[PDB]
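Pasted below: target01.cif, mmCIF, C-alpha atoms and all ligand atoms.
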```cif
data_run
#
loop_
_atom_site.label_atom_id
_atom_site.label_comp_id
_atom_site.auth_asym_id
_atom_site.auth_seq_id
_atom_site.Cartn_x
_atom_site.Cartn_y
_atom_site.Cartn_z
CA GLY A 1 97.58 6.39 32.49
CA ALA A 2 99.06 8.33 35.37
CA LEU A 3 96.08 9.62 37.16
CA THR A 4 94.85 12.77 35.22
CA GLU A 5 92.49 15.13 36.70
CA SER A 6 90.04 13.48 34.58
CA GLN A 7 90.85 9.82 35.79
CA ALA A 8 90.55 10.80 39.55
CA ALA A 9 87.39 12.37 38.89
CA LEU A 10 86.29 9.01 37.58
CA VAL A 11 87.31 6.89 40.82
CA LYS A 12 85.69 9.32 43.20
CA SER A 13 82.65 9.26 41.35
CA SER A 14 82.57 5.37 41.26
CA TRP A 15 83.35 4.96 45.07
CA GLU A 16 80.63 7.20 45.93
CA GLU A 17 78.52 4.87 44.02
CA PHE A 18 79.87 1.81 46.15
CA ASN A 19 79.27 3.31 49.62
CA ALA A 20 75.94 4.04 48.56
CA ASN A 21 75.06 0.28 49.40
CA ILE A 22 77.29 -1.43 51.95
CA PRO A 23 75.23 -4.65 53.02
CA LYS A 24 74.90 -5.45 49.23
CA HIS A 25 78.19 -4.58 47.82
CA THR A 26 80.01 -6.16 50.86
CA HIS A 27 78.16 -9.50 50.87
CA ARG A 28 78.85 -9.50 46.95
CA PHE A 29 82.32 -8.81 47.43
CA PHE A 30 82.57 -12.05 49.90
CA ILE A 31 80.77 -14.23 47.47
CA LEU A 32 83.18 -13.10 44.57
CA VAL A 33 85.92 -13.94 46.89
CA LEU A 34 84.60 -17.57 47.72
CA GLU A 35 84.02 -17.99 43.88
CA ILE A 36 87.44 -17.18 42.92
CA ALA A 37 88.75 -19.23 46.06
CA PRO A 38 86.40 -21.46 48.38
CA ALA A 39 89.02 -22.45 50.86
CA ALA A 40 89.22 -18.79 51.93
CA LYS A 41 86.22 -19.34 54.14
CA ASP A 42 87.96 -20.95 57.23
CA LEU A 43 89.85 -17.64 57.54
CA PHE A 44 87.10 -15.46 58.55
CA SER A 45 85.71 -15.94 62.30
CA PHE A 46 82.49 -14.85 61.16
CA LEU A 47 82.47 -17.34 58.26
CA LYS A 48 83.79 -20.42 60.33
CA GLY A 49 81.22 -22.99 61.49
CA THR A 50 78.80 -21.39 59.11
CA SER A 51 77.81 -23.00 55.82
CA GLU A 52 76.73 -19.84 53.74
CA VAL A 53 78.08 -16.23 53.84
CA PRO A 54 76.05 -14.40 56.46
CA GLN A 55 74.16 -11.45 54.95
CA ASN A 56 73.54 -9.28 58.06
CA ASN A 57 76.50 -9.82 60.09
CA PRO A 58 77.87 -6.51 61.33
CA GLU A 59 81.13 -7.91 61.76
CA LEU A 60 81.24 -8.82 58.00
CA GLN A 61 79.97 -5.35 56.78
CA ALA A 62 82.22 -3.32 58.84
CA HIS A 63 85.02 -5.36 57.70
CA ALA A 64 84.35 -5.08 53.80
CA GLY A 65 83.56 -1.31 53.95
CA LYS A 66 86.79 -0.58 55.36
CA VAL A 67 88.45 -2.45 52.49
CA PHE A 68 86.99 -0.24 49.58
CA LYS A 69 87.45 3.02 51.39
CA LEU A 70 90.93 2.38 51.65
CA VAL A 71 91.34 1.77 47.78
CA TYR A 72 89.58 5.06 46.88
CA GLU A 73 91.56 7.13 49.22
CA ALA A 74 94.51 5.72 47.58
CA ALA A 75 93.46 7.02 43.99
CA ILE A 76 92.98 10.61 45.11
CA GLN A 77 96.08 10.63 46.87
CA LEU A 78 97.73 9.48 43.55
CA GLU A 79 96.23 12.37 41.37
CA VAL A 80 96.96 15.12 43.85
CA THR A 81 100.14 14.12 45.14
CA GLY A 82 101.45 11.62 42.61
CA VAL A 83 101.73 8.72 45.47
CA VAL A 84 100.06 6.29 48.23
CA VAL A 85 101.19 7.32 51.77
CA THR A 86 101.87 4.34 54.42
CA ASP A 87 100.49 5.24 57.95
CA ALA A 88 99.78 3.39 61.57
CA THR A 89 96.77 1.90 60.31
CA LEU A 90 98.34 0.29 57.28
CA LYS A 91 100.93 -1.10 59.53
CA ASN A 92 98.46 -2.74 62.07
CA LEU A 93 96.76 -4.06 59.01
CA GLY A 94 99.70 -5.90 57.99
CA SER A 95 99.73 -7.68 61.64
CA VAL A 96 96.32 -8.83 61.78
CA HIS A 97 96.60 -10.46 58.29
CA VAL A 98 99.42 -12.49 59.32
CA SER A 99 97.62 -13.76 62.70
CA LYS A 100 94.85 -14.83 60.66
CA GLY A 101 96.80 -16.98 58.29
CA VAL A 102 96.58 -14.53 55.02
CA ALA A 103 99.25 -14.74 52.27
CA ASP A 104 100.28 -12.47 48.96
CA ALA A 105 98.63 -14.88 46.67
CA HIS A 106 95.46 -14.10 48.30
CA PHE A 107 95.66 -10.36 46.78
CA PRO A 108 94.75 -10.97 43.01
CA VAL A 109 91.78 -12.80 44.63
CA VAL A 110 90.53 -9.74 46.42
CA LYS A 111 91.59 -7.38 43.22
CA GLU A 112 89.55 -9.13 40.69
CA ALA A 113 86.82 -9.39 43.34
CA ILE A 114 87.00 -5.51 43.70
CA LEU A 115 87.23 -4.72 39.74
CA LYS A 116 84.46 -7.04 39.19
CA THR A 117 82.56 -5.49 42.14
CA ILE A 118 83.19 -1.82 40.63
CA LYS A 119 82.29 -2.89 37.07
CA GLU A 120 79.15 -4.15 38.63
CA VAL A 121 78.69 -1.01 40.72
CA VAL A 122 79.14 1.72 37.65
CA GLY A 123 77.59 -0.31 34.95
CA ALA A 124 77.44 1.63 31.34
CA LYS A 125 79.63 4.40 32.47
CA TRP A 126 82.32 1.91 32.52
CA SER A 127 85.29 3.00 30.32
CA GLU A 128 88.65 1.90 29.70
CA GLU A 129 89.74 5.14 31.27
CA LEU A 130 87.88 4.03 34.63
CA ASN A 131 89.13 0.42 34.73
CA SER A 132 92.45 1.81 34.20
CA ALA A 133 91.99 4.24 37.07
CA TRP A 134 90.83 1.49 39.89
CA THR A 135 93.40 -0.85 38.69
CA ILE A 136 96.03 1.71 39.14
CA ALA A 137 94.72 2.62 42.69
CA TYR A 138 94.45 -1.14 44.04
CA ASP A 139 97.69 -2.08 42.66
CA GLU A 140 99.25 0.90 44.25
CA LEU A 141 97.52 0.19 47.77
CA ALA A 142 98.29 -3.60 47.76
CA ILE A 143 101.77 -2.81 47.10
CA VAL A 144 101.75 -0.91 50.43
CA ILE A 145 99.89 -3.65 52.69
CA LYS A 146 101.84 -6.55 51.37
CA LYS A 147 104.73 -4.57 52.30
CA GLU A 148 103.46 -4.33 56.02
CA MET A 149 102.62 -8.15 56.27
CA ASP A 150 105.91 -9.19 55.28
CA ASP A 151 107.08 -6.92 58.00
CA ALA A 152 104.63 -8.44 60.69
CA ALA A 153 105.62 -12.07 60.06
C1 LIG A 201 94.20 -3.55 49.34
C2 LIG A 201 93.63 -4.75 49.79
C3 LIG A 201 93.10 -5.04 51.32
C4 LIG A 201 92.65 -4.14 52.24
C5 LIG A 201 92.54 -2.56 52.03
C6 LIG A 201 92.27 -4.95 53.54
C7 LIG A 201 91.80 -4.42 54.76
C8 LIG A 201 91.47 -5.15 56.03
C9 LIG A 201 91.03 -4.53 57.30
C10 LIG A 201 90.84 -2.98 57.41
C11 LIG A 201 90.82 -5.57 58.32
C12 LIG A 201 90.30 -5.46 59.83
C13 LIG A 201 88.88 -5.18 59.81
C14 LIG A 201 88.35 -5.12 61.31
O1 LIG A 201 89.06 -4.82 62.27
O2 LIG A 201 87.19 -5.10 61.53
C15 LIG A 201 91.12 -6.86 57.70
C16 LIG A 201 90.98 -8.17 58.38
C17 LIG A 201 91.14 -9.41 57.76
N1 LIG A 201 91.50 -9.52 56.37
FE1 LIG A 201 91.95 -7.87 55.00
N2 LIG A 201 92.44 -6.32 53.37
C18 LIG A 201 92.94 -6.43 52.04
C19 LIG A 201 93.22 -7.68 51.47
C20 LIG A 201 92.99 -9.00 52.11
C21 LIG A 201 93.25 -10.29 51.48
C22 LIG A 201 93.86 -10.43 50.01
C23 LIG A 201 92.83 -11.33 52.41
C24 LIG A 201 92.84 -12.89 52.23
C25 LIG A 201 91.82 -13.54 51.84
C26 LIG A 201 92.35 -10.71 53.66
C27 LIG A 201 91.90 -11.43 54.89
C28 LIG A 201 91.53 -10.90 56.15
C29 LIG A 201 91.14 -11.71 57.45
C30 LIG A 201 91.04 -13.29 57.63
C31 LIG A 201 90.91 -10.80 58.44
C32 LIG A 201 90.46 -11.14 59.98
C33 LIG A 201 89.02 -11.14 60.09
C34 LIG A 201 88.56 -11.86 61.50
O3 LIG A 201 88.69 -13.14 61.70
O4 LIG A 201 87.73 -11.30 62.21
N3 LIG A 201 92.45 -9.29 53.43
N4 LIG A 201 91.50 -6.56 56.31
F F A 202 90.15 -7.88 54.32
#
```

Rewritten as structure tokens:
Amino acid sequence: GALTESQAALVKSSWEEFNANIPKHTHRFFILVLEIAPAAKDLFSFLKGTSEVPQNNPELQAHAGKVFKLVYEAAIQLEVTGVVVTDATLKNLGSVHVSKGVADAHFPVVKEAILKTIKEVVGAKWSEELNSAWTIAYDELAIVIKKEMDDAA
């Protein structure tokens, strides 16, 4: 699909819609994760020793917000520039995943959890053109982090 001026316009628009409700979209996102893979729970400090996914845990919200922002920034960068740029942050990201016991096969878990989360976020405006656009942007960003984990291990 490439990332036409028209496709980028579509991701920006849909991320603005996501940020618009962090405590919801982020707790949803963690539930979609634990649905696709239950075992994932022991990983998260703020999920350990608990039984259910905490709903007002600042640690949890701050965490999940950061995740989506990063995927959107990635899509704009693709339309303007044609690429996703690797910086200090993406590199430190790779380190912390590894400390915490996260692997590659965990990534389609968090992807589907994000496509499903955005399909839920944009509702009837959903188009093939839009699905195509977030898919392109995640894929392109995951490619970059997975790269940095391998390097932190
Ligand atoms: C493009 C996709 C992804 C992005 C942009 C991303 C981003 C991040 C960021 C920014 C942090 C640190 C947050 C903080 O300091 O507060 C973090 C921590 C973490 N992430 Fe990810 N992530 C991605 C995929 C994944 C996957 C697939 C898993 C595995 C299930 C995972 C598991 C974790 C864990 C266990 C921590 C440590 C949390 C702690 O115990 O406090 N992430 N991630
Ligand atoms: F994460």

Might you pull out every residue within 12 Å of residue 123 in chain A, with all atoms listed in the file counted and same-chain residues fewer than 6 positions away left off, and present them as a PyMOL selection string?
-> chain A and resi 14+17-18+115-117+130-131

Ligand LIG 201 (chain A) neighbours within 9 Å using only C-alpha atoms and all ligand atoms, as a ChimeraX atom specification | /A:33,37,40-48,59-71,89-90,92-94,96-111,138-146

Do you know which residues lie at most 9 Å from (93.7, 4.6, 40.8), with coordinates as in the file and all atoms listed in the file counted, and could you write them as a short mmCIF file (atom, residue, chain, number, x, y, z; two decimals) with C-alpha atoms, in the frame of the given file?
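Output saved as point-v6.cif:
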```
data_model
loop_
_atom_site.label_atom_id
_atom_site.label_comp_id
_atom_site.auth_asym_id
_atom_site.auth_seq_id
_atom_site.Cartn_x
_atom_site.Cartn_y
_atom_site.Cartn_z
CA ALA A 2 99.06 8.33 35.37
CA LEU A 3 96.08 9.62 37.16
CA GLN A 7 90.85 9.82 35.79
CA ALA A 8 90.55 10.80 39.55
CA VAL A 11 87.31 6.89 40.82
CA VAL A 71 91.34 1.77 47.78
CA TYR A 72 89.58 5.06 46.88
CA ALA A 74 94.51 5.72 47.58
CA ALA A 75 93.46 7.02 43.99
CA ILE A 76 92.98 10.61 45.11
CA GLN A 77 96.08 10.63 46.87
CA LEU A 78 97.73 9.48 43.55
CA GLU A 79 96.23 12.37 41.37
CA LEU A 130 87.88 4.03 34.63
CA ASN A 131 89.13 0.42 34.73
CA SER A 132 92.45 1.81 34.20
CA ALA A 133 91.99 4.24 37.07
CA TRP A 134 90.83 1.49 39.89
CA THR A 135 93.40 -0.85 38.69
CA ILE A 136 96.03 1.71 39.14
CA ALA A 137 94.72 2.62 42.69
CA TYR A 138 94.45 -1.14 44.04
CA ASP A 139 97.69 -2.08 42.66
CA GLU A 140 99.25 0.90 44.25
#
```

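Separating CA of residue 153 in chain A from CA of residue 87 in chain A is a distance of 18.2 Å.
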
Do you have the atom F of ligand F 202 (chain A)-CA of residue 152 in chain A distance handy?
->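 Taking atom F of ligand F 202 (chain A) as the start and CA of residue 152 in chain A as the end point, the length is 15.8 Å.
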
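The interatomic distance for the pair CA of residue 58 in chain A and CA of residue 39 in chain A works out to 22.1 Å.
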
Which residue out of A:85, A:114, A:49, A:150 has the minimum interatomic distance to ligand F 202 (chain A) when all atoms listed in the file are used?
->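 Comparing A:85, A:114, A:49, A:150 against ligand F 202 (chain A), the winner is A:114.
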
Which one of A:120, A:125, A:91, A:6 sits closest to residue 149 in chain A if you count all atoms listed in the file?
->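 Nearest candidate to residue 149 in chain A out of A:120, A:125, A:91, A:6: A:91.
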
Name the closest residue to residue 23 in chain A among the candidates A:36, A:124, A:53, A:9; distances are taken between atoms, counting all atoms listed in the file.
->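 Of A:36, A:124, A:53, A:9, the one nearest residue 23 in chain A is A:53, counting all atoms listed in the file.
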
With the input short on atoms, add N, CA, C and O atoms back to range 77-100 of chain A and write it as a PDB file, in the coordinates of the input.
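Now in part-v7.pdb:
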```
ATOM      1  N   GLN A  77      94.817  10.289  46.456  1.00  0.00           N
ATOM      2  CA  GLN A  77      96.080  10.630  46.870  1.00  0.00           C
ATOM      3  C   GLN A  77      97.062  10.556  45.674  1.00  0.00           C
ATOM      4  O   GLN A  77      97.813  11.550  45.409  1.00  0.00           O
ATOM      5  N   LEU A  78      96.926   9.560  44.827  1.00  0.00           N
ATOM      6  CA  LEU A  78      97.730   9.480  43.550  1.00  0.00           C
ATOM      7  C   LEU A  78      97.623  10.744  42.512  1.00  0.00           C
ATOM      8  O   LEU A  78      98.585  11.319  41.920  1.00  0.00           O
ATOM      9  N   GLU A  79      96.482  11.182  42.348  1.00  0.00           N
ATOM     10  CA  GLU A  79      96.230  12.370  41.370  1.00  0.00           C
ATOM     11  C   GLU A  79      96.725  13.715  41.872  1.00  0.00           C
ATOM     12  O   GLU A  79      97.302  14.568  41.017  1.00  0.00           O
ATOM     13  N   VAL A  80      96.531  13.878  43.218  1.00  0.00           N
ATOM     14  CA  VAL A  80      96.960  15.120  43.850  1.00  0.00           C
ATOM     15  C   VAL A  80      98.368  15.204  44.029  1.00  0.00           C
ATOM     16  O   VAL A  80      98.939  16.345  43.810  1.00  0.00           O
ATOM     17  N   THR A  81      98.870  14.091  44.617  1.00  0.00           N
ATOM     18  CA  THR A  81     100.140  14.120  45.140  1.00  0.00           C
ATOM     19  C   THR A  81     101.080  13.414  44.220  1.00  0.00           C
ATOM     20  O   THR A  81     102.219  13.705  44.297  1.00  0.00           O
ATOM     21  N   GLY A  82     100.632  12.437  43.487  1.00  0.00           N
ATOM     22  CA  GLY A  82     101.450  11.620  42.610  1.00  0.00           C
ATOM     23  C   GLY A  82     101.762  10.217  43.322  1.00  0.00           C
ATOM     24  O   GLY A  82     102.391   9.378  42.661  1.00  0.00           O
ATOM     25  N   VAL A  83     101.437  10.008  44.663  1.00  0.00           N
ATOM     26  CA  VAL A  83     101.730   8.720  45.470  1.00  0.00           C
ATOM     27  C   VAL A  83     100.618   8.090  46.363  1.00  0.00           C
ATOM     28  O   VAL A  83      99.755   8.858  46.741  1.00  0.00           O
ATOM     29  N   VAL A  84     100.796   6.853  46.971  1.00  0.00           N
ATOM     30  CA  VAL A  84     100.060   6.290  48.230  1.00  0.00           C
ATOM     31  C   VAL A  84     100.865   6.299  49.522  1.00  0.00           C
ATOM     32  O   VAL A  84     101.892   5.687  49.521  1.00  0.00           O
ATOM     33  N   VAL A  85     100.496   7.124  50.495  1.00  0.00           N
ATOM     34  CA  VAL A  85     101.190   7.320  51.770  1.00  0.00           C
ATOM     35  C   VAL A  85     100.962   6.133  52.902  1.00  0.00           C
ATOM     36  O   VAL A  85      99.877   5.871  53.416  1.00  0.00           O
ATOM     37  N   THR A  86     101.957   5.447  53.287  1.00  0.00           N
ATOM     38  CA  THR A  86     101.870   4.340  54.420  1.00  0.00           C
ATOM     39  C   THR A  86     101.756   4.931  55.855  1.00  0.00           C
ATOM     40  O   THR A  86     102.678   5.563  56.294  1.00  0.00           O
ATOM     41  N   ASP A  87     100.668   4.770  56.538  1.00  0.00           N
ATOM     42  CA  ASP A  87     100.490   5.240  57.950  1.00  0.00           C
ATOM     43  C   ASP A  87     100.301   4.068  59.103  1.00  0.00           C
ATOM     44  O   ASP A  87     100.514   2.854  58.808  1.00  0.00           O
ATOM     45  N   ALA A  88      99.940   4.420  60.361  1.00  0.00           N
ATOM     46  CA  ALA A  88      99.780   3.390  61.570  1.00  0.00           C
ATOM     47  C   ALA A  88      98.796   2.294  61.334  1.00  0.00           C
ATOM     48  O   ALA A  88      98.987   1.047  61.685  1.00  0.00           O
ATOM     49  N   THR A  89      97.822   2.769  60.673  1.00  0.00           N
ATOM     50  CA  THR A  89      96.770   1.900  60.310  1.00  0.00           C
ATOM     51  C   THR A  89      97.184   0.810  59.334  1.00  0.00           C
ATOM     52  O   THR A  89      96.806  -0.419  59.553  1.00  0.00           O
ATOM     53  N   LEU A  90      97.961   1.249  58.303  1.00  0.00           N
ATOM     54  CA  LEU A  90      98.340   0.290  57.280  1.00  0.00           C
ATOM     55  C   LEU A  90      99.301  -0.708  57.865  1.00  0.00           C
ATOM     56  O   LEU A  90      99.293  -1.931  57.523  1.00  0.00           O
ATOM     57  N   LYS A  91     100.029  -0.208  58.803  1.00  0.00           N
ATOM     58  CA  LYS A  91     100.930  -1.100  59.530  1.00  0.00           C
ATOM     59  C   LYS A  91     100.253  -2.220  60.485  1.00  0.00           C
ATOM     60  O   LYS A  91     100.604  -3.450  60.527  1.00  0.00           O
ATOM     61  N   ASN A  92      99.250  -1.795  61.136  1.00  0.00           N
ATOM     62  CA  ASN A  92      98.460  -2.740  62.070  1.00  0.00           C
ATOM     63  C   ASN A  92      97.715  -3.715  61.240  1.00  0.00           C
ATOM     64  O   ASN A  92      97.603  -4.961  61.692  1.00  0.00           O
ATOM     65  N   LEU A  93      97.372  -3.195  59.990  1.00  0.00           N
ATOM     66  CA  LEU A  93      96.760  -4.060  59.010  1.00  0.00           C
ATOM     67  C   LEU A  93      97.605  -5.205  58.570  1.00  0.00           C
ATOM     68  O   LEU A  93      97.149  -6.392  58.519  1.00  0.00           O
ATOM     69  N   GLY A  94      98.796  -4.871  58.369  1.00  0.00           N
ATOM     70  CA  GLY A  94      99.700  -5.900  57.990  1.00  0.00           C
ATOM     71  C   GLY A  94      99.733  -7.083  59.128  1.00  0.00           C
ATOM     72  O   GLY A  94      99.695  -8.313  58.813  1.00  0.00           O
ATOM     73  N   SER A  95      99.708  -6.688  60.411  1.00  0.00           N
ATOM     74  CA  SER A  95      99.730  -7.680  61.640  1.00  0.00           C
ATOM     75  C   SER A  95      98.592  -8.647  61.767  1.00  0.00           C
ATOM     76  O   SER A  95      98.732  -9.929  61.946  1.00  0.00           O
ATOM     77  N   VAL A  96      97.504  -8.035  61.654  1.00  0.00           N
ATOM     78  CA  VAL A  96      96.320  -8.830  61.780  1.00  0.00           C
ATOM     79  C   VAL A  96      96.173  -9.854  60.657  1.00  0.00           C
ATOM     80  O   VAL A  96      95.743 -11.044  61.018  1.00  0.00           O
ATOM     81  N   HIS A  97      96.664  -9.487  59.390  1.00  0.00           N
ATOM     82  CA  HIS A  97      96.600 -10.460  58.290  1.00  0.00           C
ATOM     83  C   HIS A  97      97.449 -11.680  58.525  1.00  0.00           C
ATOM     84  O   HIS A  97      97.049 -12.870  58.319  1.00  0.00           O
ATOM     85  N   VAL A  98      98.552 -11.387  58.994  1.00  0.00           N
ATOM     86  CA  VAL A  98      99.420 -12.490  59.320  1.00  0.00           C
ATOM     87  C   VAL A  98      98.868 -13.505  60.488  1.00  0.00           C
ATOM     88  O   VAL A  98      98.850 -14.772  60.310  1.00  0.00           O
ATOM     89  N   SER A  99      98.263 -12.934  61.521  1.00  0.00           N
ATOM     90  CA  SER A  99      97.620 -13.760  62.700  1.00  0.00           C
ATOM     91  C   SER A  99      96.584 -14.680  62.212  1.00  0.00           C
ATOM     92  O   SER A  99      96.341 -15.828  62.865  1.00  0.00           O
ATOM     93  N   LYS A 100      95.956 -14.134  61.158  1.00  0.00           N
ATOM     94  CA  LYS A 100      94.850 -14.830  60.660  1.00  0.00           C
ATOM     95  C   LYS A 100      95.171 -15.844  59.573  1.00  0.00           C
ATOM     96  O   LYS A 100      94.306 -16.505  59.055  1.00  0.00           O
TER      97      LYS A 100
END
```
